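Chemist:
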Amino acid sequence: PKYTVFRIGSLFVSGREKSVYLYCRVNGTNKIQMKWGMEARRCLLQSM
Amino acid sequence: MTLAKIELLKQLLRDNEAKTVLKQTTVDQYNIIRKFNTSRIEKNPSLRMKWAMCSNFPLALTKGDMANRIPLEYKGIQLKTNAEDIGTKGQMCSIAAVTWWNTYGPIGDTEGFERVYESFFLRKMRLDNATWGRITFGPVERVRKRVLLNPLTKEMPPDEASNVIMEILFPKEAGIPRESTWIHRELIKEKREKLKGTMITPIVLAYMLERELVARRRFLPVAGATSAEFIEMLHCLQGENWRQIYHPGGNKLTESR
Amino acid sequence: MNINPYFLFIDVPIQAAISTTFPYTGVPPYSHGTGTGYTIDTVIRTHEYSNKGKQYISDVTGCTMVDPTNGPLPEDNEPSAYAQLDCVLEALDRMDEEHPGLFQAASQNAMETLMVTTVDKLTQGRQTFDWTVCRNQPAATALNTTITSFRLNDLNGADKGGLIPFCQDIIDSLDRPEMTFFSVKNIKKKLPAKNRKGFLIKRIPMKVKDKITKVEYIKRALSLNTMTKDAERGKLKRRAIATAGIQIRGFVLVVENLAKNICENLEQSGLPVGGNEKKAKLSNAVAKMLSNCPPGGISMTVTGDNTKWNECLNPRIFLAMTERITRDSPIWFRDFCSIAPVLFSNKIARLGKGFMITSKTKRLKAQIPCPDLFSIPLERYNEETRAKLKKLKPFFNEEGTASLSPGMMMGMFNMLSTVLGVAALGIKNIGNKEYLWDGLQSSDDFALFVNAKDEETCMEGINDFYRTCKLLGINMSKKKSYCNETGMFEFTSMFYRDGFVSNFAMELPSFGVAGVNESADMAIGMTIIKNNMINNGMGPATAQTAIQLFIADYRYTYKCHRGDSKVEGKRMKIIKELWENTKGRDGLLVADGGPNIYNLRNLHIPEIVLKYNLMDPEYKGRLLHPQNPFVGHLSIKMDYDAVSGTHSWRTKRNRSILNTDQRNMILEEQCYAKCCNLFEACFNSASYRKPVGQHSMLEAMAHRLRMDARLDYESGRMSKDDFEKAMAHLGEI
Amino acid sequence: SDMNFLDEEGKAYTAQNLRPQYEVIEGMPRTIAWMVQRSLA
RNA sequence: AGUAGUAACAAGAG
RNA sequence: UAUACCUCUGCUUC
Numbered sequence: 534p535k536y537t538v539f540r541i542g543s544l545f546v547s548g549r550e551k552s553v554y555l556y557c558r559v560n561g562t563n564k565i566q567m568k569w570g571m572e573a574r575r576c577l578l579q580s581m
Numbered sequence: 001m002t003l004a005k006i007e008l009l010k011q012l013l014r015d016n017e018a019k020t021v022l023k024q025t026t027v028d029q030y031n032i033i034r035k036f037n038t039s040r041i042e043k044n045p046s047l048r049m050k051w052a053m054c055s056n057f058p059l060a061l062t063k064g065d066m067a068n069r070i071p072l073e074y075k076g077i078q079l080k081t082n083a084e085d086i087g088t089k090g091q092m093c094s095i096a097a098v099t100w101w102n103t104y105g106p107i108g109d110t111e112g113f114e115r116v117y118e119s120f121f122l123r124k125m126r127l128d129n130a131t132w133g134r135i136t137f138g139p140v141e142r143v144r145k146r147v148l149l150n151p152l153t154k155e156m157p158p159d160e161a162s163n164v165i166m167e168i169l170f171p172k173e174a175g176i177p178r179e180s181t182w183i184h185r186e187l188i189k190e191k192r193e194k195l196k197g198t199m200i201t202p203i204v205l206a207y208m209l210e211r212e213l214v215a216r217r218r219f220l221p222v223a224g225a226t227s228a229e230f231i232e233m234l235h236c237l238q239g240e241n242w243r244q245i246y247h248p249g250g251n252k253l254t255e256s257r
Numbered sequence: 001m002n003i004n005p006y007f008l009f010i011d012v013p014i015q016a017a018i019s020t021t022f023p024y025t026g027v028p029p030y031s032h033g034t035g036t037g038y039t040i041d042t043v044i045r046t047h048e049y050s051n052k053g054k055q056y057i058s059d060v061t062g063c064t065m066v067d068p069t070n071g072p073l074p075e076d077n078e079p080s081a082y083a084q085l086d087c088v089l090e091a092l093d094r095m096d097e098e099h100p101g102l103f104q105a106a107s108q109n110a111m112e113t114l115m116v117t118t119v120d121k122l123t124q125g126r127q128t129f130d131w132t133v134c135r136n137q138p139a140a141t142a143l144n145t146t147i148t149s150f151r152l153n154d155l156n157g158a159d160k161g162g163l164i165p166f167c168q169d170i171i172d173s174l175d176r177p178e179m180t181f182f183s184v185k186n187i188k189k190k191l192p193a194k195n196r197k198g199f200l201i202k203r204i205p206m207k208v209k210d211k212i213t214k215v216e217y218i219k220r221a222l223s224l225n226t227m228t229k230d231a232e233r234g235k236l237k238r239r240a241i242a243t244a245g246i247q248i249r250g251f252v253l254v255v256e257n258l259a260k261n262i263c264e265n266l267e268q269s270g271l272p273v274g275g276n277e278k279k280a281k282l283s284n285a286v287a288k289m290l291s292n293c294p295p296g297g298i299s300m301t302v303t304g305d306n307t308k309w310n311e312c313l314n315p316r317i318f319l320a321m322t323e324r325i326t327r328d329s330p331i332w333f334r335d336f337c338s339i340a341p342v343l344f345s346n347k348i349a350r351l352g353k354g355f356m357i358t359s360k361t362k363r364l365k366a367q368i369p370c371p372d373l374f375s376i377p378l379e380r381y382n383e384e385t386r387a388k389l390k391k392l393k394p395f396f397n398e399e400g401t402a403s404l405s406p407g408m409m410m411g412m413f414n415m416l417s418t419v420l421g422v423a424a425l426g427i428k429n430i431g432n433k434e435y436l437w438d439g440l441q442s443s444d445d446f447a448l449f450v451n452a453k454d455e456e457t458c459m460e461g462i463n464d465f466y467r468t469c470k471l472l473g474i475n476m477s478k479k480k481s482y483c484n485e486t487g488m489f490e491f492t493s494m495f496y497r498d499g500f501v502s503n504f505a506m507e508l509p510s511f512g513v514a515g516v517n518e519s520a521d522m523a524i525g526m527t528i529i530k531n532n533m534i535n536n537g538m539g540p541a542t543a544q545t546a547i548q549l550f551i552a553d554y555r556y557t558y559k560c561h562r563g564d565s566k567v568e569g570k571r572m573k574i575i576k577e578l579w580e581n582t583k584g585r586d587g588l589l590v591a592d593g594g595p596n597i598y599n600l601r602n603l604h605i606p607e608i609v610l611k612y613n614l615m616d617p618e619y620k621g622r623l624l625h626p627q628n629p630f631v632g633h634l635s636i653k654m655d656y657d658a659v660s661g662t663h664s665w666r667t668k669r670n671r672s673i674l675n676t677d678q679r680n681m682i683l684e685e686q687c688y689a690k691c692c693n694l695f696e697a698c699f700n701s702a703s704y705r706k707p708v709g710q711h712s713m714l715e716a717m718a719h720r721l722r723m724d725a726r727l728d729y730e731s732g733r734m735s736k737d738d739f740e741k742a743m744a745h746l747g748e749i
Numbered sequence: 049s050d051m052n053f054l055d056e057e058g059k060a061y062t063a071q072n073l074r075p076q077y078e079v080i081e082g083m084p085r086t087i088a089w090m091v092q093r094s095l096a
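Chains as they are written, first to last, in the deposited numbering: chain A, 534 to 581; chain B, 1 to 257; chain C, 1 to 636, 653 to 749; chain D, 49 to 63, 71 to 96.
1) In this structure, does DSSP put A52 of chain B in helix, strand or coil?
2) So what's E57 of chain D in DSSP terms, helix, strand or just coil?
3) Give the DSSP-derived three-state secondary structure of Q91 of chain B in the structure shown.
4) Between the alpha carbons of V60 of chain C and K347 of chain C, how many angstroms are there, rounded?
5) Between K35 of chain B and chain A, is any beta-carbon pair separated by less than 9 Å?
6) Check each residue of the region 252 to 283 of chain C: if its Cβ is closer than 7 Å to any Cβ of chain D, include it; give the result in chain order.
7) By how many angstroms is the C-alpha of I357 of chain C removed from the C-alpha of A366 of chain C?
8) Using a Cβ-Cβ cut-off of 9 Å, state whether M90 of chain D counts as contacting chain C.
9) Using the Cα positions of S552 of chain A and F7 of chain C, report the straight-line distance between them to the nearest angstrom.
10) What are the residues of the region 158 to 176 of chain B that lie near chain D, defined by any Cβ-Cβ distance shorter than 8 Å?
11) Which term fits residue 261 of chain B, buried or exposed, when burial requires 16 or more other beta carbons within 10 angstroms of its beta carbon?
12) With a threshold of 9 Å between beta carbons, is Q627 of chain C in contact with chain D?
13) Which chain D residues are close to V116 of chain C, counting only those with a beta carbon under 7 Å from its beta carbon?
14) Interface residues of chain A around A520 of chain C at Cβ under 7 Å?
15) Do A505 of chain C and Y24 of chain C have their C-beta atoms closer together than 9 Å?
16) May I have the straight-line CA-CA distance separating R380 of chain C from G570 of chain A, to the nearest angstrom?
17) Say whether chain B places a C-beta atom closer than 9 Å to the C-beta of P606 of chain C.
18) Nearest-angstrom Cα distance between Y536 of chain A and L555 of chain A?
19) Any Cβ of chain A within less than 9 Å of the Cβ of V567 of chain C?
20) For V252 of chain C, I'd like the list of residues in its chain whose CB is within less than 8 Å of its CB, leaving aside the five on either flank, ordered along the chain.
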C-alpha cells in the first residue's frame with residue numbers, strides 16, 4: 534500500500550518471459566540509520 | 001631558545017588579558033585552564049567520523065612550517081583550505097593531505113624510533129621467534145584470574161614509575177629526590193642512554209616508558225599458561241573446546257619455571 | 001515449508017543460543033525534540049510514590065517538599081518510597097557486625113584521599129550544569145566559570161589547590177546575600193584598515209559583572225538539568241536523565257569513594273567489579289549456595305530487577321547512611337559527607353526545553369519555555385500533557401522549575417545504593433524460619449538465591465525479602481522478576497546455565513570503526529576481536545571473518561582502498577600514485593592503500609610495528625616525521657596500543673559556535689592556550705605530570721627562564737649580548 | 049648575598072654586573088627552589 | 001507526502 | 001527596509 538507500481542517491459546529470466554515492474558516509493562532515512570546500514574556486514578558474525 | 005621564550009613572554013605580557021591570566025592563574029589551576037575549550041564530548045563518534053569523512057576538509061592542521069610545506073591543492077585535488085581551525089588556529093585540510101604528505105612530504109629523522117617503541121617490537125620478536133605446536137580438540141576448564149597482560153621492563157607502582165620517568169625525561173623538574181632513583185639508577189642510566197638522540201616528543205617517551213614500567217593486570221579466563229608472554233597470545237592459546245600449543249621466543253624467567 | 005527461526009530452540013537451549021535473541025545489528029531508538037514530558041512524568045511519579053508522607057514548604061527555597069521516610073507503611077504493591085529509618089539502621093548494624101572495621105577504614109581511606117584531592121579533579125566530570133549561564137557545559141569550563149565567579153565574591157579557596165577549601169567556599173557561597181558573576185557583552189571598536197574608509201568595526205567582547213540574589217542563587221546551586229536518554233537498548237518508550245551542577249560534584253565524589261571503599265570489600269556487591277570478574281564472583285556465590293543443603297534442600301534462584309529504583313530511594317536515608325557509616329570519623333568529615341544528601345534532599349529539577357505548539361493550517365510551530373508553560377489555556381495542550389501539567393502544579397516554581405525533594409536521578413549514588421541493596425541481602429533470614437537467602441546486588445539489578453527444605457518455604461523467604469526491601473524503599477519488579485530452581489539465571493544481561501554462557505551479540509556494535517582516527521581505530525578494531533575471542537567466545541573462523549569485515553568497514557569509512565585496486569576518489573588518486581611509487585608495498589598501511597597483513601596471531605601488534613621493516617626509508621620517514629603537522633599537542653573507557661604517526665590526526669572543531677553569541681569562548685580559550693603552550697615550553701613536564709603550586713603562574717616562568725638564562729650563559733651557550741638582553745627583558749617583568 | 053657580585057672574568061666584588076655570586080634558594084616556592092637546586096646541581 | 005512514533009525533521013541563522 | 005540569486009552552519013547545548 535506504500536508503493537506505486539508501473540509495468541515497463543519484460544525479460545527472458547529463467548528462459549521464459551517475465552514482466553518487469555517498476556516499484557516507485559517515497560522514503561526517508563537519517564545519519565544514524567545510514568551509518569548502521571554501513572555497519573550491517575556484522576550480520577554475518579552474529580550468525581557465524 | 002631561552003631568549004625566544006623570554007621574547008615570546010614579553011610579547012605575550014603585552015596582551016592585558018594574557019598578563020592578567022598569567023598573574024591571576026595559579027600553577028595548580030594550570031591543570032584547569034588547559035582543559036578549557038569550546039569543544040564538546042562526542043556521544044556518537046562512530047557516526048560522526050563516518051559523517052565527517054564525507055566532508056571536504058574534516059581534518060585540522062597545526063600552525064607551522066611543516067603545514068606550509070603542504071600545498072593548497074594537488075593535481076586538481078583540494079588538499080587544504082585557507083580557513084583556520086577554531087582549536088588549532090592552523091589551516092584545515094582533507095584526509096588526502098595525509099596521503100600526499102606520506103607520498104611527497106619531507107623525509108624526517110626516524111633514528112631512535114626502534115629503541116623508543118622497543119616495548120612493542122619485543123612482541124614482534126616474541127612472535128617471529130616463537131614456535132607453534134599441536135592443536136587439540138576437547139574440553140577446557142577456564143579459570144578466571146587476574147593476570148599481567150604484557151611483559152614489563154621492571155614493575156613499579158605508578159607513583160614510583162612516574163618519578164623514574166621524570167628522572168629520565170625531565171631531570172630538572174623532578175623535585176624532591178626519592179629512594180627510587182638510587183634503586184633504579186642503572187635503569188635510568190640505560191633508558192637515558194637509549195633515548196638520547198631521538199627527536200620524538202617527550203610526552204610519547206613517557207607514555208611508552210609508563211607502558212613498560214606500570215603494570216596492566218586484568219581478570220581473564222585462563223587455562224595452563226599464565227605468564228605475560230603467554231597471556232598476550234591468550235586468544236590463540238585456547239578456547240572452551242580446543243587447545244593450542246604455543247612456544248614464545250626470547251628468554252624465559254627461572255621463577256616462571 | 002514454512003521456516004521458523006524459533007524452532008532452533010527445540011534443539012539448542014535458549015541460554016546456549018541467547019545471542020540470537022539480541023537484535024544488536026539493528027538500530028537503537030533515539031529521542032526526538034523535547035523531553036519535558038518525560039521529566040514531568042518522573043516528577044509526578046516520584047511524588048506519587050510518597051504523597052502520603054509529610055508535605056511542607058521549605059523556608060529556604062520556598063519550594064514544596066514531600067517526606068516519605070518514617071511514613072505510613074504501604075497497604076499495596078504500588079511502588080513505595082516510605083522507608084523506615086530504624087530498619088535501615090538495623091540492616092546497617094548487621095552489615096557492620098558481619099563486616100567490622102570496614103565502615104571506619106573506608107571512611108579513613110576516603111578522608112585521606114579527600115585531603116589529597118585537588119580542585120582539578122572536578123574537570124573529569126564530562127557534562128556539567130553551569131549555574132552562571134544556566135546551560136550544560138564542559139566540566140572544566142563550568143568549573144573555571146565558577147572559580148572566576150567565586151573570585152568576584154572574595155572566595156579564593158581554589159587558589160590553595162585542595163578540594164576542601166573549594167567545598168568550604170561552596171557551602172559558604174550559600175550565605176552570600178548577592179552572588180556576583182561575569183557575563184560577556186560586545187563592543188564595537190574602529191580598528192585601522194586599508195579599506196576605502198580607513199577603518200573596520202570588529203565587535204570586541206568585554207566582561208560585565210552581573211548579580212543574583214541569595215535565594216535565586218541557592219535555587220540554581222540546588223538545580224539539576226534534564227534530557228531524554230538516547231540509544232537506550234531493549235526498551236520501547238524513552239525516558240529522562242539528569243545532569244548535576246559543579247557544587248555537588250566534590251561532595252558526591254567523597255560519598256561514592258566511601259561507598260566504593262565499602263563495596264570493594266563486600267562479597268555480595270557486583271560493583272565496581274569488572275564484567276569478567278563478576279562471573280568469578282557469581283559462579284562461586286552459586287557454587288556455595290549449591291553445596292549447602294543436600295537433604296531435599298531446594299536452592300532457588302531469583303532473577304531480580306527493581307522498579308522505580310531511583311524514584312523511590314530517598315536522600316534522607318542516604319544521609320542517615322553517611323551518618324552511620326562515618327561513626328568513628330571526626331566531625332568535619334561527617335559534616336563534609338552529610339552535605340550531598342542534604343542537597344539532593346532539597347534539590348530542584350529543570351524541565352528541559354518545553355513543549356512545541358503548532359498550527360497545521362498556517363504551517364506554524366513554536367516552543368513554549370517552561371516559564372511560559374502555564375501562560376496558555378491548558379485545553380490547547382494535548383490530552384496527556386493537560387493531565388500532567390495539572391498534576392505538576394503543586395510542585396511547580398515561578399521561574400519554570402519543578403521542586404523534587406524525594407527520589408534520586410538516573411545514576412548518582414550507584415555505590416551507596418548498591419550498599420543499601422547489599423544491606424537487604426545481609427539479613428538472610430527472618431523469625432528463624434527454615435530458609436536462608438543470599439545474593440548479588442548491582443544498583444537496580446539483583447540476583448537472589450534462596451535455600452530451604454521445601455519450595456513453599458522458599459517462596460515465603462522471597463516474600464519476606466520483598467516485604468523487607470519495601471522497608472528500605474527498595475521495590476522489586478513483580479512484572480519483570482522471576483524465580484526458578486537454581487542452575488540457570490540471568491544477571492545484567494549475563495546468562496548462567498550451569499556456567500555462564502557467551503553473549504556475543506552484546507559486544508557486536510563495538511566491532512565497527514570507533515571514530516577516533518585511522519591510526520587508533522585499527523588498533524581498537526583488532527584489539528576488540530582479540531578480546532572478544534578470549535572473553536565472549538568467538539571462534540577463529542568468525543574472528544578471521546571479523547578481521548575482514550572491519551577492514552571492509554575501515555577502507556570505506558576512511559576511503560583508503562588497495563592501491564592496486566581501481567576504486568576512484570580524491571584520496572585514492574594519490575594512494576594509487578603512492579602504490580606505484582613505493583617499492584615495499586606490503587610495508588604500506590591500509591590507510592595508505594596498503595594490504596591487510598593482520599591475522600589471529602598478531603592482533604596484539606601495532607600495524608606500523610608489524611610492517612616497519614617492510615617500509616621504504618622515505619615512506620617511514622614521511623609517515624613518522626617527528627614534527628609532522630597532523631598530530632597535535634598530546635597529553636597523557654579503554655586504551656589502545658598505537659604509534660604516533662601522520663595517521664594519528666585530529667578533526668576540525670565544530671564550527672556552529674561561530675555564528676552564535678558564544679564566539680567569546682574562542683578568544684577566552686586561545687588566550688589560555690597561549691599561556692599554557694608557553695608554560696609547557698618553560699616546563700616540559702607539565703604535559704605529563706600535573707604542576708603543583710599556589711604561587712603565580714608567571715613567577716614560575718620568570719624564575720625558570722632566569723635560571724635557564726644564567727646557566728645557558730655561564731655554561732657557555734648564550735653570549736653576553738643574549739644574556740644581557742635576556743636579563744634586560746626579565747628585569748622589566 | 050646582596051652586596052656580593054661576580055665579574056665577567058670570574059672574581060668576587062662588592063656592589071653593576073648582572074650576575075650575583077650567591078644564588079638564593081631559601082624563601083622561594085618549593086617547586087621553584089627544587090628546580091633551581093636541581094638545575095644548578 | 002514521507003520518514004517516523006508519545007515528538008520531531010522535511011534546512012537554520014545574520 | 002536594504003545589502004542577501006549574498007554570507008556563515010551540519011553534535012555546540014540557551
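We treat Cβ as the ideally placed atom computed from N, Cα and C, and that holds for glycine.
Modeler: Looking at the coordinates:
1) helix
2) coil
3) strand
4) 12 Å
5) no
6) none
7) 5 Å
8) yes
9) 37 Å
10) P171, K172, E173, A174, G175, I176
11) This structure cannot speak to residue 261 of chain B, because chain B is shown only from 1 to 257.
12) no
13) Neighbours of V116 of chain C on chain D: none; closest Cβ ~16 Å, over 7 Å.
14) Those within 7 Å of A520 of chain C in chain A number zero; the least Cβ separation is about 18 Å.
15) yes
16) 40 Å
17) yes
18) 10 Å
19) no
20) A244, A340, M412, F413
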